[PDB]
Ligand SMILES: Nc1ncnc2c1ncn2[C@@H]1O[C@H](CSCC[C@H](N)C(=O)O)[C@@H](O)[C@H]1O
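We begin with a single chain expressed as structure tokens, specifically the form deposited without the ligand.
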């Protein structure tokens, strides 16, 4: 929780005070889940890039099976596990510090891999390919990912994204990639705007004044808040052109 150095810790600390690290909502998590038909008490589930496990606790409360959440940051996993313990879920939900690009799950062992706002870390197509190896045939991967809504866009929004996440793409392109990677694109849907505003930007803005003051004079924290604002301003201006979508993918063969 402070083992990774203060520069990293300060950013985690910010997100420990906030609702969400990217767009999403409890309703959206449950709607993605509504497309998964294979789960039983014997299911093994992984949540990759789980952060503090907010969406993981929603899964756990709505599906049978055992869930392992993997995240790079001990501070998040500390929160994840404390939250599981408050809910009494710890015998079936466990948070582990680990890296999405270096997993040690048994091949073809998982019924479900979940990942909200996190596959961009390893890359959409790379995650499709690598993670497929850990899924049972007929198993599911459910991931939320940045997308373009249209064929043509203003250069201003196009450029921001080329500098942030070069893998943003159109929904038809993402769906093509899913099929190319050997899955069936069973369900794909765009997140409503409340996933970005009420559930993400708004609570984020709410926490900023107090956090900035608590860490008065910290450049790392100032620049963070400045980024947060830029991201939020671009969205208010260009949301006609982009958003997030959930992709539910069934491993083929």
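Numbering follows the first chain given and starts at 1.
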property	result
Which of 164-172 and 73-81 has higher mean CA B factor, as the PDB entry lists it	164-172
Assigned third (lowest, middle, highest) for the C-alpha B factor of residue 108	highest
Ranked against its chain, the third holding the CA B-factor of residue 125	middle
Assigned third (lowest, middle, highest) for the C-alpha B factor of residue 215	lowest
Ranked C-alpha temperature factor of residue 29 among modelled chain residues, by third	middle
Chain thirds of CA B-factor: placement of residue 16	highest
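Only in words, not in the display: the form deposited with the ligand bound, which the text now covers.
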item	value
Site check 50, 72 and 117: each within 4.5 Å of the ligand in the bound PDB entry by heavy atom	yes
Selected contact from 168, 100, 142, 171, since only one has a non-hydrogen atom within 4.5 angstroms of the ligand in the bound PDB entry	100
Residue 121, heavy atom within 4.5 angstroms of the ligand in the bound PDB entry	yes
Contact test in the bound PDB entry: residue 76 vs the ligand, heavy atoms, 4.5 Å	yes
Close approach of residue 22 to the ligand in the bound PDB entry, 4.5 Å, heavy atom	yes
Option from 180-188, 210-218, 64-72, 37-45 whose residues, in the bound PDB entry, bring a heavy atom within 4.5 Å of the ligand	64-72
